[PDB]
């Protein structure tokens with residue numbers, strides 16, 4: 063096309079589908095998967111962290127609840143990526159309720 067690549071967004075798009083297949087196989091206590099997606103994914107400088115933007119299709123009050131269910135499910139997600147991604151350990155999959163907002167990291 064007309065724009066840069068740098069092996070960033072392509073890799074994040076590879077991780078994007080992985081997390082969705084994992085979600086379809088998560089089963090969960092009560093996550094209405096029909097009312098969510100994982101759209102934006104952005105990995106860190108040294109790819110040691112992986113920021114996953116979760117867009118719930120409920121109210122914002124409900125949307126918050128889903129993030130703790132996701133953060134419980136972290137190990138199930140991250141182990142699946144360690145099947146596919148040839149590296150020793152995998153990034154910290156930090157789930158967020160779709161918050162691209164420049165100020166913080168923590």
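In the numbering used here, the protein residues as written are 63 to 168.
In this text, a Cβ means the ideal position worked out from N, Cα and C, and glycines have one as well.
Outcome for residue i when other beta-carbon atoms lying within 10 angstroms are tallied against a minimum of 16
i	result
residue 153	buried
residue 108	exposed
residue 155	buried
residue 114	buried
residue 149	exposed
Short CB-CB distance (under 8 Å) between residue i and chain C
i	result
residue 90	No chain C appears in this structure, which consists of one protein chain only.
Local conformation of residue i per DSSP, three classes
i	result
residue 101	strand
residue 148	coil
Residues near residue i by beta carbon distance below 7 Å, same chain, minus five either side
i	result
residue 78	100, 103
Same chain only: Cβ atoms within 8 Å of residue i, ignoring 5 sequence neighbours per side
i	result
residue 120	94, 97, 128
Nearest-angstrom Cβ-Cβ length linking residue i and residue j, presumed shorter than 8 Å
i	j	result
residue 143	residue 90	Not a contact, Cβ separation roughly 18 Å.
| task | Jot down the residue ranges of each uninterrupted alpha helix (DSSP H) in the stretch 89 to 134, minimum 4 residues, whole runs only, in chain order. | result | none
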